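Participant: here we go, the starting part of the complex in its complex frame:
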Amino acid sequence: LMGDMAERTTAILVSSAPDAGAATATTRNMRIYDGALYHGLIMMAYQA
């Protein structure tokens, strides 16, 4: 596992205009800002 590592986990911030099926000349200014974790992970209940 030394020929392939991972340094740190980051996130993403993607923007997008609503799809062509909902495209009106006044709704292109309602961008759907979103986030997505990079190299993160999800767990069960916190041990603590």
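Facilitator: Looks like it came in fine. Residues are numbered from 1 along each chain as shown, chains lettered A, B, ... in the order given.
Participant: do a quick rundown of the strands in chain A.
Facilitator: Assigned by DSSP state E, chain A shows strands spanning A:10-14, A:34-38.
Participant: can you lay out those strands as TSV showing distance to residue A:20 and mean neighbour count?
Facilitator: Where you see a C-beta, it was placed from the backbone N, CA and C, and this is true even at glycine. Formatted as TSV, the strands of chain A follow (distance: least, C-beta to C-beta, whole Å; neighbours: other C-beta atoms under 10 Å):
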stretch	distance to residue A:20	mean neighbour count
strand A:10-14	18	9
strand A:34-38	18	10
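Participant: reformat those strands as a markdown table; add distance to residue A:22.
Facilitator: Below are the strands of chain A laid out as a markdown table (distance: least, C-beta to C-beta, whole Å):
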| stretch | distance to residue A:22 |
| --- | --- |
| strand A:10-14 | 18 |
| strand A:34-38 | 16 |
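Participant: let's put chain B on the structure above:
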Amino acid sequence: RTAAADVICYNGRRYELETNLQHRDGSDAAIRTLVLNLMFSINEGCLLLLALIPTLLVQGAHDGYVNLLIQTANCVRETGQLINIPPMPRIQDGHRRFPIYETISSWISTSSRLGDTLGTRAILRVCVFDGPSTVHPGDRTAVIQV
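Facilitator: Placed with the earlier chains, chain B looks like this:
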């Protein structure tokens, strides 16, 4: 027919067109007038009128009736998306004359007389004074000549 639909809707009724042209000279006798009057419309200011196509597109996005108007035009929907016009050069003696005035005044004249050349003028107008409201096919009317 000279180079190489017959239904018309009116008041929600379809009446088929059964025209015929058993020869060829009336055809080009008409087409020559068609093209002739088609030519004298374009003028200097047509260049300015052409770079206004994208404004018409953004308005077609902005308003509603523009959307009915834009899509029957089998040409504008293509050019403003596939044709461009660079910065127009300055008009010779641009401080005295005015192009758009001409390119729009020489179109009012050539347009009214258009249909009355490929067809006929209107000589009579139905003016019912005290009779019925409309007139069915085959009833006697009342008129005054144009």
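Participant: phi and psi next, for residue B:53.
Facilitator: Backbone torsions for residue B:53, taken as degrees, to the nearest 10, come to phi -60, psi -50.
Participant: for residue B:144, that is, sorry about that
Facilitator: According to degrees, to the nearest 10, residue B:144 has phi -140, psi 140.
Participant: wait, what's in contact with the residue nearest to the spatial centre of chain A?
Facilitator: For chain A, the residue nearest the mean C-alpha position is residue A:36 (2.1 Å; C-alpha atoms, centre = their mean). Counting by C-beta atoms under 8 Å, 6 or more residues apart in numbering or on different chains, residue A:36 touches A:11-12, A:14.
Participant: residue B:64 - how many residues pack around it?
Facilitator: Residues within reach of residue B:64, counting by other C-beta atoms under 10 Å in any protein chain shown, total 8.
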